[PDB]
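Residue numbers start from 1 in every chain, and the chains themselves are labelled A, B, ... in the order their sequence lines are given, proteins ahead of strands.
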Amino acid sequence: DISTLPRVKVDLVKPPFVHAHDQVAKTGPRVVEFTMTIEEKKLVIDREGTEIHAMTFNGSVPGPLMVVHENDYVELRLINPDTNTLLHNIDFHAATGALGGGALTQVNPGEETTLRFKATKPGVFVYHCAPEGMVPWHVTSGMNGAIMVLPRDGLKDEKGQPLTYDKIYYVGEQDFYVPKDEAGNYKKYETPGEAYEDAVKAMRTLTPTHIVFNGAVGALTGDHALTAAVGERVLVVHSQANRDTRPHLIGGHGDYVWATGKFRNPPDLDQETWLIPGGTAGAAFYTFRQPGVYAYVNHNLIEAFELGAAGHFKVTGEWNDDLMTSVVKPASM
Amino acid sequence: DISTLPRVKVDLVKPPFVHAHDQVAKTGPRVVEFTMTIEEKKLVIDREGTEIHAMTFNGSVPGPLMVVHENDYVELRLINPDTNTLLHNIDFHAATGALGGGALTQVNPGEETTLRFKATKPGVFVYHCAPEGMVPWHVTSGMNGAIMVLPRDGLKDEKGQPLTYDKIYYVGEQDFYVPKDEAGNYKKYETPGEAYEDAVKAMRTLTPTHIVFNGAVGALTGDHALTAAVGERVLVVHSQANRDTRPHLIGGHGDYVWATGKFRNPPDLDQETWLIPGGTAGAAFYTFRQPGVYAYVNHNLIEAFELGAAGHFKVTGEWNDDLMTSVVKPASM
Amino acid sequence: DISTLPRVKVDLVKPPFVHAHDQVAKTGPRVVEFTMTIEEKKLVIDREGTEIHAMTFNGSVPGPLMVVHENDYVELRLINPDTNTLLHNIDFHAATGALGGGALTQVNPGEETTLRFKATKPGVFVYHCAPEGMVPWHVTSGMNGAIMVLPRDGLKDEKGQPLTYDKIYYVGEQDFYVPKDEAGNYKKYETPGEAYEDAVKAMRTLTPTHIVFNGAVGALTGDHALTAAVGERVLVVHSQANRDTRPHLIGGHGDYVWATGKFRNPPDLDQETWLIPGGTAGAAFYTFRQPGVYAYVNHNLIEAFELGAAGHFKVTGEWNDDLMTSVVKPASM
Ligand SMILES: O=N[O-]
Ligand SMILES: O=N[O-]
Ligand SMILES: O=N[O-]
Ligand SMILES: [Cu+2]
Ligand SMILES: [Cu+2]
Ligand SMILES: [Cu+2]
Ligand SMILES: [Cu+2]
Ligand SMILES: [Cu+2]
Ligand SMILES: [Cu+2]
């Protein structure tokens, strides 16, 4: 009887950070309450100043990472303020029935809804908006995020021993399809209805104009670089709601990787690069062994370094010359 | 001595249905006899009325699913009627030697051939036409299907316990490359030889114009939606002979998935989405838990909802409010 | 203390051949010394005579396969002769720290450097040039190879029993992006700086003009076809530093496949086709069972047979009619 269960209210945080949680469940099953407010907003996505009309959960691209345990109930209050112009909904890949919730959560501007589902399968999962007839337009406008459903006894390695992270980040990767004119310059639009046919035409090229982490070129760099210390265990959750990606930590590895995100399966070990299919979340566990700057990319390097799918880690600590050293520094002889 | 084995004649059915078979082999090894007749035919592939010259096994795109057991012999009589114009052949990814049979099955119009091979490896496998010098043109004209080679003791889970399906469907996914003029409209052609250079040019874009299930936009919808009941175990075999896909059951999961189709490997559990590489068949097992309409898609949602890679299930039964419920229906407050 | 270890000098060979090594380590850990000389050179990559300015390690596309054992130290002397025009460096996906070595190996023309790293994880791994701000341009000019790090006790199957190859080949697959004019013809350039913006524009299409094995259309065919005998065990290492591929042995299988290349994981069995993500090396083990010609392809068949990603094996020995036979040869009746 769900009314006899504890309720716990979660207050979400902006990606790539993740709201506080316990790896190992410290209670029995709970109804875990979340609220998200849909926000249609202009976003500048590149260094050139290209501005799109983003469709967001909670103001961000991606939407925030939600975290529960297996056989908790997720109860989401989804708000679509009357400041928005479009109908929206939500499909959880973690959920069972009604198109993952999309059939039950259609909210016009000025409406709200509350959906509850049981998180019966452990893993990281995509969630995304999916309004009938307009699904890829919403998703590729940034209206997607992820949910992690931890096993109640936390993560385990390929032999059944615990894997405990010290830090977790969520990297949402977004393919955008900004319409172009015949000369190649990005077009802009005065209403969503006036944009729609050209959005469809741009999507049908299957060629993104931009592929970004955390909503913009360079978002996870500089003052917003990811951080870690030597010897810290870091879980990077990575989602792509629409298109394949191939994550890679430049200078590191995925020590344990669930490339298709589902924790009942043993992880793949020692990965250089892995394939997260479009429509999937994956998760990589790494223990840092060297300080300095790392890049974290989609290893189609064009997608990374020309189209935006690249972020950085700044790692503190001592350098290990046993693991790597310059024997003879670059010089002319 | 193969002449001392039983022979069994199979009569194929049109996808997405699958001819009758036993999961667990009820006989010893057999020579399993199949006949397919090649048919070149016009097909309308979209809602707009776009008509292509399809190249088919047995009249359908995809070709029918053939089913045998491990260490049976497949004996295929391949007929190319003199009503056809082209040379064709067949390559089984399940077979060993002679380019999978393609070197031994070259049939001009008005010829036939009979190939026999031993099905030594269990799995779902692509079969496709592959005439030297014209391979992607035949494949991307729809001239491909799949063959399932069941283990003699049926399917097993990741712990070695039986998995038995109640229903099986075969979803063939086809990338088409309909040539376009400079303005973007589809071109048509008076002979295959007059089409060939423009077919090659369209293919070399690597950008399909259409990506469809069972030969056409909307083929697995309406009166041809897939069906199941709550609690039924369903195996969906999915092939893509030329290009990657990423299947997803909207509202469900792949409870057990052989993403690259080979049953000696333990399945992946609880998948949201999985990657079937171009040139591969995969298979997903699911137990339905909720009634209603599901969509089954390639989760590049552009490929799904703009280019055609989407079908539906209609599922009967009782709704489980424990698994999902609307707590507060969409309303303004 | 690394100075107390044996040093062993390796003399590399041109792909697809692989320098001599022991599967099972016949010594303790060693410092394994390699030297590579960077060569910028013109290469003709297709049958039409299309000439690009390639950027190579040791004169070849791909660069040579390096082979060590787990917990050996790789010591690479990288030479950039003053006959070259560009700055280059090297990133090993096998290494830990400093962007895989790229931060420590920046060599202008007329410089050299020596990098040492510990090969702490067993697998096949990409190595590639990666100069800050110019990474995909160098990689997609051919400046990439692979390194195999064998377990000290050699390869093992999914049950822990030895897998020993008789022969090994390295197939480097290269996506090129030759700039095109408005009419579709390839452009040429008088200096690297004059080429750069058009190289970036061509890359941003995400549509390769050519996809080749061993540096050119048809490179692994004819007098340079791969060879084997019936009953020989063959390991094919396959890399793709920038873009996904889907290898397939036409007429065979991958009996044991590490699709993402890391030997601590059990291999996938009986694969028809597998996905090697861009930025990864994979490895397939097969025992040949039939003589004759095989094709080895990227099973996007357009990429294979139109864009160049296809090679051949010539296999000697006796034909097995139990495994495959023509029962009735193609004829009219
Ligand atoms: O290894 N850096 O792509
Ligand atoms: O979850 N529907 O793409
Ligand atoms: O099976 N040949 O693509
Ligand atoms: Cu929306
Ligand atoms: Cu979805
Ligand atoms: Cu054909
Ligand atoms: Cu094939
Ligand atoms: Cu370089
Ligand atoms: Cu790299």
Practice prompt. Report the option among C/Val107, C/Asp244, C/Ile276 that has the most heavy-atom pairs separated by less than 4.5 Å from atoms of chain A.
Written response: C/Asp244

Worksheet item: For the residue pair C/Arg204 and A/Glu306, what are the closest heavy atoms and their distance?
Response: NH1-O, 3.1 Å

Discussion item. With a sphere of 6.0 Å drawn around NZ of C/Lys187, does it hold more than 12 non-hydrogen atoms of other residues, nucleotides or ligands?
Written reply: yes

Fill in: Interface residue of largest heavy-atom contact number with chain A, from C/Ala103, C/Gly102, C/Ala241, C/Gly101, under 4.5 Å
C/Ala241

Discussion item. I need the full list of side-chain hydrogen bond (donor to acceptor under 3.5 Å, both in side chains) pairs touching residues 232-243 of chain A, with sequence neighbours left out, sorted by first then second residue.
Written reply: A/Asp166-A/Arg233, A/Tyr170-A/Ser239, A/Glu173-A/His238, A/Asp175-A/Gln240, A/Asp175-A/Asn242, A/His238-A/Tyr296, A/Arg243-A/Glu303

Fill in: Separation of A/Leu323 CG from C/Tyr73 OH (nearest 0.5 Å)
9.0 Å

Practice prompt. Please report the shortest heavy-atom distance between A/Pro208 and C/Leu206, naming the atom on each side.
Written response: CD-CD1, 4.2 Å

Worksheet, complete the sentence: Applying a strict 4.5 Å limit to non-hydrogen atoms, the region of C/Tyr177 in contact with chain A is side chain

Practice prompt. For chain A, find its close neighbours in residues 259-267 of chain C: heavy-atom separation under 4.5 Å, sorted by number, or none.
Written response: C/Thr260, C/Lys262, C/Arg264, C/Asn265

Pair up each side-chain donor or acceptor in residues 115-125 of chain C with any protein partner under 3.5 Å, not counting sequence neighbours, and list the distances.
residue, atom, partner, partner atom, Å
C/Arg116, NH1, C/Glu75, OE1, 2.9
C/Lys118, NZ, A/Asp322, OD2, 3.2
C/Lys121, NZ, A/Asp255, OD1, 2.7
C/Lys121, NZ, A/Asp270, OD1, 2.8

Worksheet item: Which answer fits A/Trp319, side chain, backbone, both or neither, if we ask what part of it has an atom under 4.5 Å from a heavy atom of chain C?
Response: side chain

Response to the item:
Answer key: most heavy-atom pairs under 4.5 Å with chain A among C/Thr207, C/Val200, C/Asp91 is C/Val200

Worksheet entry | Heavy atoms from other residues, nucleotides or ligands near CD of A/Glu51 exceed 12 (cutoff 6.0 Å) | yes

Fill in: Close side-chain approach of C/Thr280 and A/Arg246, heavy atoms under 4.5 Å
no

Worksheet, complete the sentence: Bottom line for A/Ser326: the part with an atom under 4.5 Å from chain C's heavy atoms is both

Fill in: Proximity of residues 285-293 of chain A to chain C, residues having a non-hydrogen atom under 4.5 angstrom
A/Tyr286, A/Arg289, A/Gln290, A/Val293

Discussion item. Which heavy atom of A/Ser332 sits nearest to which heavy atom of C/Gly110, and what is that distance?
Written reply: CB-O, 3.3 Å

Discussion item. Taking every non-hydrogen pair under 4.5 Å, which of A/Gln271, A/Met333, A/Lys329, A/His253 racks up the most with chain C?
Written reply: A/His253

Worksheet item: Of the backbone (N, CA, C, O) and the side chain (C-beta and beyond), which part of A/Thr209 lies under 4.5 Å from a heavy atom of chain C, both, or neither?
Response: backbone

Item to complete: Give the minimum heavy-atom separation between C/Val126 and A/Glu272, together with the two atoms involved.
Response: N-OE1, 2.9 Å

Worksheet, complete the sentence: Greatest number of non-hydrogen atom pairs under 4.5 angstrom with chain A, of C/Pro277, C/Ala98, C/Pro109, C/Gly279, falls to C/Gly279

Practice prompt. Could you label the plane-to-plane angle of the C/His128 and A/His299 rings as parallel, tilted or perpendicular, counting under 30° as parallel and over 60° as perpendicular?
Written response: perpendicular

